[PDB]
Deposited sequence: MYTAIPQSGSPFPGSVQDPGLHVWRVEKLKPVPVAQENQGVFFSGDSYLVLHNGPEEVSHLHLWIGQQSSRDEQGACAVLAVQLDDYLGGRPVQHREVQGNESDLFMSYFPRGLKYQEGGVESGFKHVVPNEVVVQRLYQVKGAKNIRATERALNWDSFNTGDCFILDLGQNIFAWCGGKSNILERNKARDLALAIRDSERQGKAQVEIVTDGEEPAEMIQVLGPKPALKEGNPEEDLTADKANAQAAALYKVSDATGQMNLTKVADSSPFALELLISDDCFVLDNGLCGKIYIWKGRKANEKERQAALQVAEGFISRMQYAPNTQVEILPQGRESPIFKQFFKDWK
């Protein structure tokens, strides 16, 4: 199971991983982890072809055979043609060395190159629920958008470190306490205690409320399938938050911040997009992709759902499933 590019003149080195031959990034060539065996092949545009097998000092007495065998399977995709040489570390071939300018760098133990230290960095999901219930208390997740508030109801805004029980002007005092009670839980249990709560009266919204929702406009009183949902990813707040900016389909374009990444969830019927603003940073990029994951994962979306990344300016005619034709 070789690439089939093995014919192209030049050099090919594969570190025999386990059973599979892995081609060494052109930079990494010249350095051989000594616990593995490698295969290196050099062939001139008219010259012969020598396929040497490099065996590390700490390379298994067997890992060797495995590799030699693989040499064979390859001798054959070229058929008996390549020349075979057994190169042992510490006594390579005056020819083997010919493939390497500066010299060899035998490594040992330690960790694979490009080895990174993945740091699970939690994210704060800012959520807004619209409480409702005379007897029975049920807070429903709404989108964190003023288009969500009404004046005769209470709402809870879980902004992580701080929670708010904003209270409709035309809502009850009873309705108000239910809100505070529920939200008081949210800090007590889910926050395990560390997080501030503050009851808010319509009108008197604190900075933070406006810092997330924006400029408060007028609100409605209250009486009258497209799963698409718009979320935003920004660490602007010195911390990475995920916020569900909208959940009805004709999305208001204003919604989109040139400074953050967004994720347009539509996996239900297809793809999940990730829009990147010019000024959005990479943690935002890194993270918007990772949230696209959690979206297919948690909602158990079709396996083959595609996550098409769209840069600002260069948005796809489909993505424009926002109100006035974008």
property: Missing segments of the deposited chain sequence, listed N- to C-terminal; result: 1-10, 235-244, 347
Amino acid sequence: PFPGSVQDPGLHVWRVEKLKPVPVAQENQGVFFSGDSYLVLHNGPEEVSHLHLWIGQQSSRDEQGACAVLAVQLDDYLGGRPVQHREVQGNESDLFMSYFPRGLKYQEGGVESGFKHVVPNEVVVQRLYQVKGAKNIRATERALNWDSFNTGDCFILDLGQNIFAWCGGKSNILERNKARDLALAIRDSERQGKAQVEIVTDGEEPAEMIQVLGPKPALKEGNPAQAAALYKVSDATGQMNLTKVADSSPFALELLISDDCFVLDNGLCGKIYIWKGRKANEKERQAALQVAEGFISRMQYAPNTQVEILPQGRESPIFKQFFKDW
From here on, numbers count along this sequence of modelled residues.
| item | value |
| --- | --- |
| Stretch with the greater mean C-alpha B-factor as recorded in the entry, comparing 282-290 against 43-51 | 43-51 |
| Mean temperature factor over C-alpha atoms, higher-scoring stretch between 77-85 and 138-146 | 77-85 |
| Residue with highest C-alpha B-factor in the PDB entry, from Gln130, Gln107, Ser93, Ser171 | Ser93 |
| Residue selected from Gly222, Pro206, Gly160, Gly103 by maximal Cα B factor | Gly222 |
| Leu310 by Cα B-factor - lowest, middle or highest third of the modelled chain | middle |
| Assigned third (lowest, middle, highest) for the C-alpha B factor of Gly214 | lowest |
| Among modelled residues of the same chain, the CA temperature factor third for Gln126 | lowest |
| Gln29 CA temperature factor, ranked by third within the chain | lowest |
| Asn241, C-alpha B-factor rank within chain (lowest, middle or highest third) | middle |
